[PDB]
Every structure is written in C-alpha cells, then in structure tokens.
C-alpha cells in the first residue's frame, strides 16, 4: 500500500527529534552507519560538484576538544555512537579555474570536453551563475555559505535515512566557529585550506522518549498561487 508507505515515512519524520543525549552503551552497527553515510554521498549538489567531506570523529581526544568549544553539543559529543563533521570545500576550490571543479566534472561526472569548456570558460555557465545570478564573488564567505547550503542537503538525508531505520540523531550548529576552525586546521582535517567546517551531526539511540513534536501549521507555511 502506498498510503501505508506514506504513513511509515511520516512516522520516521515524527520519530526524528533533536536528541540531546544518546545511550552511551548502544552503538550503531557498521552496516547501518554505512547506510547513513551513503545517504549522504547520494545527495544532490548544485552543479553536481559535491563540495563536501564527511569526517567521522570517533577519536575521544578530538571529541573532547570540540566539546569544550561547542556549547550546543554538550550531551551529544560524549554519548553519540558516531559523530560527523560536515566540511565544505572552500571558496578557492569552487571557481571556474579551480582544480577541484575541473577534476570533479571530468573524472567523476564524465562531462564531455566540449561541455566542460562551455561550463568553465570566462563568462561561461559556471561563472555566469556564480557571479551574475547568485553574487558568490562578493566575498569568500558568500561562496562558502553557498557550498554549506549543499552540505545541509547531505545532512537532512543522513538524518532522515537514520530515522527511517529507527536511529536517532541531532543536527548541531551550536559551536564557536573560530575555535573549531582553529582546532581542525591544526590537526590537519581542513587539508591545507581545501575545506572548512559547515555543520556537525551526532547519531545514536535515544535514552528517553522525547516531548511531542511542535511545528507551525501547514496553513501558515504553504501559500498557493493558482
């Protein structure tokens, strides 16, 4: 039944909540966590450039360094079965003349040469969109925030995938950007400036049943223009 299918999926959306603390002795199995990451990997990205890395931070020392500067993750970092930093490619990786773009489109996407150079010429498709349409050249931040929006697609899907098999999660922005950037830079995670932190994500099994879910009414958030 497609109606029972829809109910099941909506049950997962209700099940998923912002888990603040997980069961410290229950670990997501490796197959299950690979399924979660694959939901991330299969995510769509603007221009198909996949401007992200998923860093699985199981090392306890590093978790604790992050906990110290992440006032939104106080419960999640120590107790998560798996903890993920979602990195975005940095602004220098994303221009028409960046190696990463060129390699991504040629060797991953198998874009034919004639298409590539239409895409990456001066005032090509990529620049016409990045600069003219979306103003991503105004600052490195503007470029990176656009990258980071891509990463939130991967974040939702990983969270939704987990919930659909009954695994809890919590998206996490509650960190000091400067201090986290510095921590990861020093440790080599940002890879000589190819990456920067976008958002974090914890996964595991709930300890308590959550309070009921609250959302604005469909009537408030949906406008139709017939």
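Residue numbers count along the first chain shown, from 1.
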- [ ] Pick between 116 to 124 and 84 to 92: the one whose mean CA B-factor in the entry is higher.
- [x] 116 to 124
TODO: Report the stretch with the higher mean CA temperature factor, choosing between 6 to 14 and 199 to 207 on the basis of the entry.
DONE: 6 to 14
Task: C-alpha B-factor winner, where the candidates are 152, 129, 100, 144 - done: 100
- [ ] Taking the values exactly as deposited, rank residue 111 by C-alpha B-factor within its chain and report the matching third: lowest, middle or highest.
- [x] highest
Open item on the list: For the chain shown, is the CA B-factor of residue 27 in the lowest, middle or highest third of its modelled residues?
Closed with: middle
Open item on the list: Please say which third, lowest, middle or highest, residue 190 falls into when its CA temperature factor is compared across its chain.
Closed with: lowest
Open item on the list: Split into thirds by Cα B-factor across the chain's modelled residues, where does residue 56 land: lowest, middle or highest?
Closed with: lowest
Open item on the list: Can you tell me whether residue 62 has a C-alpha B-factor in the lowest, middle or highest third compared with the other modelled residues of the same chain?
Closed with: highest
